[PDB]
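For reference, the structure is listed below as structure tokens.
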Number of protein chains: 2
Amino acid sequence: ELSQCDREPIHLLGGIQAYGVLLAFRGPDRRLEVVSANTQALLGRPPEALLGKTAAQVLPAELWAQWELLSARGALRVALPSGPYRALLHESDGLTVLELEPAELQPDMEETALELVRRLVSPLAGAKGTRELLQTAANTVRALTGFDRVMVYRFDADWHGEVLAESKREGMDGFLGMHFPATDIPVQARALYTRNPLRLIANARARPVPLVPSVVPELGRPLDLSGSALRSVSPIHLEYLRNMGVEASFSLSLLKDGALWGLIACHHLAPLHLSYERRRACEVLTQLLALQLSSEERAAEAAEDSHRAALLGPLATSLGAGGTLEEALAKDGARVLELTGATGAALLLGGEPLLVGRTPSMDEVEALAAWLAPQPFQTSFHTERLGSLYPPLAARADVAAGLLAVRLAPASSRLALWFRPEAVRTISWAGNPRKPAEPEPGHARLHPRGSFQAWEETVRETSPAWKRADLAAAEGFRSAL
Amino acid sequence: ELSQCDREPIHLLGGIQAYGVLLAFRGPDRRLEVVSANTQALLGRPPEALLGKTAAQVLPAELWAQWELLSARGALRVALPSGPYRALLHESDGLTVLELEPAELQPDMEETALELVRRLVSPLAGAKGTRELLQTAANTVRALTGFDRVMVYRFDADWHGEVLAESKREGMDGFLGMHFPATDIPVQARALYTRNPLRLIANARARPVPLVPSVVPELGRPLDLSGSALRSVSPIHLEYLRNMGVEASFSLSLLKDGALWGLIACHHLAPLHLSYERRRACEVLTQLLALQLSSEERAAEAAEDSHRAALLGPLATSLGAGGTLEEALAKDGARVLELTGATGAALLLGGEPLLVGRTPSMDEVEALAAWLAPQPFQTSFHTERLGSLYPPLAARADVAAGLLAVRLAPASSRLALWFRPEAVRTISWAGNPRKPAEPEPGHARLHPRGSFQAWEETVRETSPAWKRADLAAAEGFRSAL
């Protein structure tokens, strides 16, 4: 509920999960550093007893007998006298970092390593489109992970998220149509997700265990948790997870050629750990899905370019045919509208203008036609908040909140526009979850009923963004007369 | 040398490799089946001593202690009292198929699972075009297999193979550029490659271990080695490899969404097997590369559509400027030629039409223009064997072997063509690997020099086929005048 949710640096939380074991070496002599309370129990000796003396003394060298390989491998399992345990090597802030975690307890004779990828890519035979591809991907995640909830997010130009697809376990409610406010996610958190490939949160009941010593003189700031998969989350975001009530949660990032394309999240109401085998296999899936979505997106974009460019064909069908230009365009008015993407368009003959689809007020039409001239558009203007620039259309704003326009005739007063309303009626009513919860929430952090009000308020009185490729075909219409 | 190499059913070879061990069970009571002489040495008692008694009696049941899991897993490595062995479960000819194989002789604490996978997915950085994909994949497989050679094959409409890429170890001969006749690749063999993901041969000096009993009354024929990874190979292909002198070889199946795309293969002078760790990972690459190439092909096709649509621009450079149509098109005629793919094009004005690039002699150019009139083409003919269609122009096969034509005007004799000769100057002499074999070869059973002679025998007096996108653009030139 604090005003620092977007501003609190994730790197300064300090807290750690239940099963983490903080370790570190100092350069040549490899002297130890800050540790955690839970770290001592697995080794047995108390932390302050371990702290302050030499490395080899506190070091179970039978596990150090694998560091020569851990330097290159980075992580493989070792059978500690307690149980299976997965070694982890890291380096940060000029200091090396060691980590360990409870490995696969189940003996794992069958379903060995790398069987996951062959098990899951088999449905991925076609790879034809975008939506069904990721949908079936989430379906396969259901089979592999075997948890309750899976989720898919897509961003915006201003990175506002949107619910695209998911696949539910029976006995819950889908969240299709919901709009994710970009306000909740800090820019620092966005960068954190971009830099790292994966992240998981296993239990919402876990406590952000602090670290001692808290402060380190050589930075005047704690150690950044770059390579650690045990990093905690912002307390506001922790309260978010508590409110949404799912203890087990995964995050799978998609990165488009330097920029994080999207995020995939799995969930399970009960708390449950995950095998290293399953989590590590995801990174392979990340690359596959990223390349596939990149290829499919560029293919679809090219197809759209071709189709809307080939729409000059239907233009040429009407062009040359007998009758007035206006009636010929009106008979095929439908293809004219989505040609630019605007719901409607008018155009100045000197007399009355011809418009179809959405209908701006006639007198308002000539008023705006006159008002376009003082605006010095060399080629064209485009906007999403026309009411802000032009107050008098604030009344007729849910019919056009942002438009495109261009000179019909550069010489004479003949002009043309391309109006589009505010984006509310486009998406279905699914932008709400319905069924209000009985307990009264503060709801400033809860997307159902409570949140998404900031999202809708921000997008309120705004039309969808424009596309340069649409303006590309504008010169084609320019040569009509 | 036999004429049945194309027609020989590979399912009827019967034989098996040296180190394989034939095993099978009959349904409920799991009674035994055909066996081999080499197999008995693994168990100890002679093969005829095996015959006639119960399943468990011939069965080392301590290995069967894992069969209940084998029903699902299909395979694990089991330590026979002699040495380690990998179990294989399969079913064929309405009959169970069981197989063992010499396991990894390497103690292989290293060479763990998916570490090779992470080794090989790292080079998948760019993944932008088409060539570099398989090129880098082959470069990875070079160090992966650690053997002499890797190879790339691509088929045609009638499935003829052509060398796309390769990477050599120093001290051998490159094999770029040759066209392989699809005749030596039987249709049944092609189907076998389609159905299975893997196939390999570790030694050509191995022997075709016989199978007893050779025939069975229920089939009057041996058992099919479909699912077996140890199936023998026909002596003709063995002779081919012997002429090559390469005893060790691997193979890849490449499938385009229901149809086999191409082939990837490995080679090595010394006879040597492959680790069972490596071979399982090979199957994973197949589906991933298949879907990736499907997506890349769709993207490339869309890009090509946009490009041929974008050719309206360079075309529009000629249009609009003053001057005759003929000279304006002739000045930029260079870019016009590759628009359709033909080396030249003209267009009948009633007078002399102008053509560039390669040139058919002008008088018989009018003669062929006239000859097109009796043929009642609605809009166009498209051909690759004009010599068969029109005998006299077969003389200038090197000037025209297959062309595309189109009517400038339906009523009047104004037509346009796109002539393209036989693909001989287009492809270099890389169809011959030179260095003639000092021992006199039959060269009908040898790829070097002797082969690809049949391919050029077939493809003589024949241009490459046309593609549909340019045929769509035929209406583009149609509306010029």
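By convention here, the chains of the structure tokens are called A, B, ... in the order presented, each chain's residues are numbered starting at 1, and ligands are numbered starting at 1 in the order presented.
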Handout entry: Contact residues around residue 38 of chain B with only C-alpha atoms at 12 Å, ignoring same-chain residues under 4 positions, as a PyMOL selection string
Key = chain B and resi 15-22+42-47+207-212
Please save C-alpha atoms of the selected residues as a CSV table (one decimal), in the first residue's frame.
```
chain,number,residue,atom,x,y,z
B,15,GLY,CA,19.9,-60.0,-41.3
B,16,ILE,CA,21.1,-58.0,-38.3
B,17,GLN,CA,24.3,-56.3,-37.1
B,18,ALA,CA,27.1,-58.0,-35.3
B,19,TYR,CA,26.8,-56.7,-31.8
B,20,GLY,CA,23.0,-56.8,-31.8
B,21,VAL,CA,21.1,-59.5,-29.9
B,22,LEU,CA,17.8,-60.7,-31.3
B,42,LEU,CA,25.9,-63.3,-24.5
B,43,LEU,CA,23.7,-65.7,-22.6
B,44,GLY,CA,26.0,-68.8,-23.0
B,45,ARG,CA,23.9,-71.7,-24.2
B,46,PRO,CA,23.6,-72.5,-27.9
B,47,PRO,CA,20.7,-70.9,-29.8
B,207,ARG,CA,28.8,-59.0,-41.1
B,208,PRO,CA,25.1,-59.8,-41.8
B,209,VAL,CA,24.5,-62.0,-38.8
B,210,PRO,CA,21.9,-64.6,-39.9
B,211,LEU,CA,18.6,-65.3,-38.0
B,212,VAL,CA,17.3,-68.7,-37.1
```
Counting only C-alpha atoms, which residues in chain B sit no more than 9 Å from chain A? For each one, give the nearest pair of atoms and the distance in Å, sorted by chain then residue number, as CSV.
```
residue,atom,partner,partner_atom,distance
B:69,CA,A:110,CA,7.9
B:72,CA,A:110,CA,8.9
B:73,CA,A:110,CA,6.5
B:76,CA,A:110,CA,8.4
B:112,CA,A:113,CA,9.0
B:113,CA,A:113,CA,5.8
B:114,CA,A:114,CA,5.6
B:115,CA,A:73,CA,8.4
B:117,CA,A:114,CA,8.1
B:118,CA,A:284,CA,8.0
B:121,CA,A:284,CA,7.6
B:124,CA,A:287,CA,8.5
B:127,CA,A:291,CA,7.6
B:128,CA,A:295,CA,8.7
B:257,CA,A:126,CA,6.4
B:281,CA,A:114,CA,7.8
B:283,CA,A:118,CA,7.8
B:284,CA,A:118,CA,5.5
B:287,CA,A:125,CA,7.0
B:288,CA,A:121,CA,7.3
B:290,CA,A:125,CA,7.9
B:291,CA,A:127,CA,6.0
B:292,CA,A:292,CA,6.7
B:294,CA,A:127,CA,7.6
B:295,CA,A:295,CA,6.1
B:296,CA,A:295,CA,6.4
B:298,CA,A:299,CA,6.6
B:299,CA,A:299,CA,4.4
B:300,CA,A:299,CA,7.8
B:301,CA,A:299,CA,8.6
B:302,CA,A:302,CA,5.8
B:303,CA,A:302,CA,6.4
B:305,CA,A:306,CA,7.2
B:306,CA,A:306,CA,5.9
B:309,CA,A:306,CA,7.6
```
File dump, residues just selected, N, CA, C and O atoms, as a CSV table (one decimal), in the first residue's frame:
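Listing of out11.csv after writing:
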```csv
chain,number,residue,atom,x,y,z
B,69,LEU,N,8.4,-51.5,-15.7
B,69,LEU,CA,8.7,-50.1,-16.0
B,69,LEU,C,9.1,-50.0,-17.5
B,69,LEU,O,8.8,-48.9,-18.1
B,72,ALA,N,6.5,-48.7,-20.0
B,72,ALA,CA,6.3,-47.3,-20.2
B,72,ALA,C,7.6,-46.6,-20.7
B,72,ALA,O,7.5,-45.9,-21.7
B,73,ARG,N,8.7,-46.8,-20.0
B,73,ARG,CA,9.9,-46.1,-20.4
B,73,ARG,C,10.4,-46.5,-21.8
B,73,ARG,O,10.9,-45.6,-22.5
B,76,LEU,N,16.1,-48.7,-20.5
B,76,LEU,CA,17.1,-48.3,-19.5
B,76,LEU,C,18.4,-49.1,-19.7
B,76,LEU,O,18.3,-50.2,-20.3
B,112,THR,N,27.2,-36.3,-19.1
B,112,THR,CA,25.9,-36.5,-18.5
B,112,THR,C,24.8,-36.1,-19.4
B,112,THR,O,25.0,-35.7,-20.6
B,113,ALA,N,23.5,-36.3,-19.0
B,113,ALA,CA,22.4,-36.0,-19.8
B,113,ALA,C,22.2,-34.4,-19.8
B,113,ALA,O,22.5,-33.7,-18.9
B,114,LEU,N,21.8,-33.9,-21.0
B,114,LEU,CA,21.4,-32.6,-21.3
B,114,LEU,C,22.5,-31.6,-21.1
B,114,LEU,O,22.4,-30.4,-21.4
B,115,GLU,N,23.7,-32.0,-20.8
B,115,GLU,CA,24.9,-31.1,-20.7
B,115,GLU,C,25.3,-30.9,-22.2
B,115,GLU,O,25.7,-29.8,-22.6
B,117,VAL,N,23.1,-31.1,-24.5
B,117,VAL,CA,22.0,-30.3,-25.0
B,117,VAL,C,22.3,-28.8,-24.8
B,117,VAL,O,22.1,-28.0,-25.7
B,118,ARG,N,22.7,-28.4,-23.6
B,118,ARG,CA,23.1,-27.1,-23.3
B,118,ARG,C,24.3,-26.6,-24.1
B,118,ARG,O,24.5,-25.5,-24.5
B,121,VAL,N,22.6,-26.0,-27.8
B,121,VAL,CA,21.6,-24.9,-27.9
B,121,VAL,C,22.2,-23.6,-27.9
B,121,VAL,O,21.7,-22.6,-28.4
B,124,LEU,N,22.8,-21.6,-31.0
B,124,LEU,CA,21.5,-21.1,-31.6
B,124,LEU,C,21.2,-19.7,-31.3
B,124,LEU,O,20.2,-19.4,-30.7
B,127,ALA,N,19.8,-17.5,-35.8
B,127,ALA,CA,18.6,-18.2,-36.3
B,127,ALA,C,17.7,-17.3,-37.1
B,127,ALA,O,16.5,-17.2,-36.9
B,128,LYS,N,18.4,-16.6,-38.0
B,128,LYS,CA,17.7,-15.6,-38.8
B,128,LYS,C,17.3,-16.1,-40.2
B,128,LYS,O,16.1,-16.1,-40.6
B,257,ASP,N,6.2,-31.1,-41.9
B,257,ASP,CA,4.7,-31.1,-41.6
B,257,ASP,C,4.0,-32.2,-42.4
B,257,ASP,O,3.1,-31.9,-43.2
B,281,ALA,N,19.5,-37.6,-27.8
B,281,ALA,CA,19.4,-36.2,-28.0
B,281,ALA,C,19.1,-35.8,-29.5
B,281,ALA,O,18.6,-34.8,-29.8
B,283,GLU,N,17.1,-37.2,-31.6
B,283,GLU,CA,15.7,-37.2,-31.9
B,283,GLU,C,15.0,-35.8,-31.5
B,283,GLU,O,14.1,-35.4,-32.2
B,284,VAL,N,15.5,-35.2,-30.4
B,284,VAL,CA,15.0,-34.0,-30.0
B,284,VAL,C,15.2,-32.9,-31.1
B,284,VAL,O,14.3,-32.1,-31.3
B,287,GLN,N,12.3,-32.6,-34.3
B,287,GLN,CA,11.0,-31.9,-34.3
B,287,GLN,C,11.3,-30.4,-34.2
B,287,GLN,O,10.6,-29.6,-34.8
B,288,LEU,N,12.2,-30.0,-33.4
B,288,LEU,CA,12.6,-28.6,-33.2
B,288,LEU,C,13.0,-27.9,-34.5
B,288,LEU,O,12.4,-26.9,-34.9
B,290,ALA,N,12.3,-29.1,-37.5
B,290,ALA,CA,11.2,-29.2,-38.4
B,290,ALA,C,10.3,-28.0,-38.2
B,290,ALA,O,9.9,-27.3,-39.2
B,291,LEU,N,9.8,-27.7,-37.0
B,291,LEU,CA,8.9,-26.6,-36.8
B,291,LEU,C,9.6,-25.3,-37.1
B,291,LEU,O,9.0,-24.4,-37.6
B,292,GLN,N,10.9,-25.2,-36.7
B,292,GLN,CA,11.7,-23.9,-37.0
B,292,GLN,C,11.8,-23.7,-38.5
B,292,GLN,O,11.6,-22.5,-38.9
B,294,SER,N,9.8,-24.8,-40.8
B,294,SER,CA,8.4,-24.5,-41.3
B,294,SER,C,8.1,-23.0,-41.1
B,294,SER,O,7.7,-22.3,-42.0
B,295,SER,N,8.4,-22.5,-39.9
B,295,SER,CA,8.2,-21.1,-39.6
B,295,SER,C,9.0,-20.2,-40.5
B,295,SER,O,8.6,-19.2,-41.0
B,296,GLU,N,10.3,-20.6,-40.6
B,296,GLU,CA,11.2,-19.8,-41.4
B,296,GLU,C,10.8,-19.8,-42.9
B,296,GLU,O,10.9,-18.7,-43.6
B,298,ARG,N,7.7,-20.1,-44.0
B,298,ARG,CA,6.5,-19.3,-44.1
B,298,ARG,C,6.9,-17.8,-44.1
B,298,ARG,O,6.4,-17.0,-45.0
B,299,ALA,N,7.8,-17.4,-43.2
B,299,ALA,CA,8.3,-16.1,-43.2
B,299,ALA,C,9.0,-15.6,-44.5
B,299,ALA,O,8.8,-14.5,-45.0
B,300,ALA,N,9.8,-16.5,-45.0
B,300,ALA,CA,10.6,-16.2,-46.2
B,300,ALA,C,9.6,-16.1,-47.4
B,300,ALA,O,9.8,-15.3,-48.3
B,301,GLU,N,8.6,-17.0,-47.5
B,301,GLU,CA,7.6,-16.9,-48.5
B,301,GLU,C,6.8,-15.6,-48.5
B,301,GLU,O,6.6,-14.9,-49.5
B,302,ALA,N,6.4,-15.2,-47.3
B,302,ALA,CA,5.7,-13.9,-47.1
B,302,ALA,C,6.7,-12.7,-47.5
B,302,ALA,O,6.2,-11.8,-48.1
B,303,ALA,N,7.9,-12.8,-47.1
B,303,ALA,CA,8.9,-11.8,-47.5
B,303,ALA,C,9.0,-11.7,-49.0
B,303,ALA,O,9.1,-10.6,-49.6
B,305,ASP,N,6.8,-12.6,-51.2
B,305,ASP,CA,5.5,-12.0,-51.7
B,305,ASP,C,5.6,-10.4,-51.6
B,305,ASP,O,5.2,-9.7,-52.5
B,306,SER,N,6.0,-9.9,-50.4
B,306,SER,CA,6.2,-8.5,-50.3
B,306,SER,C,7.2,-7.9,-51.3
B,306,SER,O,7.0,-6.9,-51.8
B,309,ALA,N,5.8,-7.8,-54.7
B,309,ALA,CA,4.9,-6.7,-54.6
B,309,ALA,C,5.7,-5.4,-54.5
B,309,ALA,O,5.3,-4.3,-55.1
```
Practice task
Please provide as a list in words all residues within 12 Å of residue 447 of chain B, with the sequence filter that same-chain residues fewer than 4 positions apart are discarded (counting only C-alpha atoms).
Solution key: residues 175, 178, 179, 180, 181, 184, 237, 239, 240, 241, 242, 243, 244, 431, 432, 433, 434, 436, 437, 441, 442, 443, 451, 452, 453, 454 and 455 of chain B
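Residue nearest residue 326 of chain A, chosen from A:217, A:351, A:313, A:74 and counting only C-alpha atoms: A:351.
Rounded to one decimal, atom CA of residue 231 of chain B and atom CA of residue 444 of chain B lie 25.3 Å from each other.
Considering only segment 126-155 of chain B, backbone DSSP assigns strand (DSSP E) to residues 149, 150, 151, 152, 153 and 154 of chain B.
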Exercise for the section: One decimal, Å: what's the distance from atom CA of residue 189 of chain A over to atom CA of residue 137 of chain A, could you say? Expected result: 25.2 Å
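Among the candidates B:276, B:418, B:390, B:377, the one nearest to residue 337 of chain B when counting only C-alpha atoms is B:418.
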Practice task
With a distance cut-off of 9 Å and only C-alpha atoms, select the neighbouring residues of residue 138 of chain A, excluding the residue or stretch itself and same-chain residues fewer than 4 positions from it, and output the selection as JSON, numbers by chain.
Solution key: {"A": [133, 134, 142, 143, 150, 151, 152, 165, 166, 167, 264, 266]}
Practice task
Can you check which residues of segment 67-276 of chain B DSSP gives as helix (DSSP H, G or I) on the backbone and send them as a ChimeraX atom specification?
Solution key: /B:67-73,115-121,131-146,182-184,187-195,235-244,276
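Atom to atom, atom CA of residue 320 of chain B and atom CA of residue 379 of chain A stand 22.1 Å apart.
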Practice task
Determine, counting only C-alpha atoms, which protein, DNA and RNA residues have an atom within 8 Å of an atom of residue 90 of chain B; residues of the same chain fewer than 4 positions away are not included. Present the result as a VMD selection string.
Solution key: chain B and resid 74 96 to 99 227 to 228
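Distance check against residue 251 of chain B using only C-alpha atoms: of B:149, B:414, B:26, B:445, the minimum falls on B:149.
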Which residues of segment 271-365 of chain B sit at most 8 Å from segment 458-477 of chain B, using only C-alpha atoms? Give each one's shortest atom pair and distance in Å (one decimal place), in chain and ascending residue order, as a tab-separated table.
```
residue	atom	partner	partner_atom	distance
B:305	CA	B:469	CA	6.9
B:308	CA	B:470	CA	7.6
B:339	CA	B:470	CA	7.2
B:340	CA	B:470	CA	5.5
```
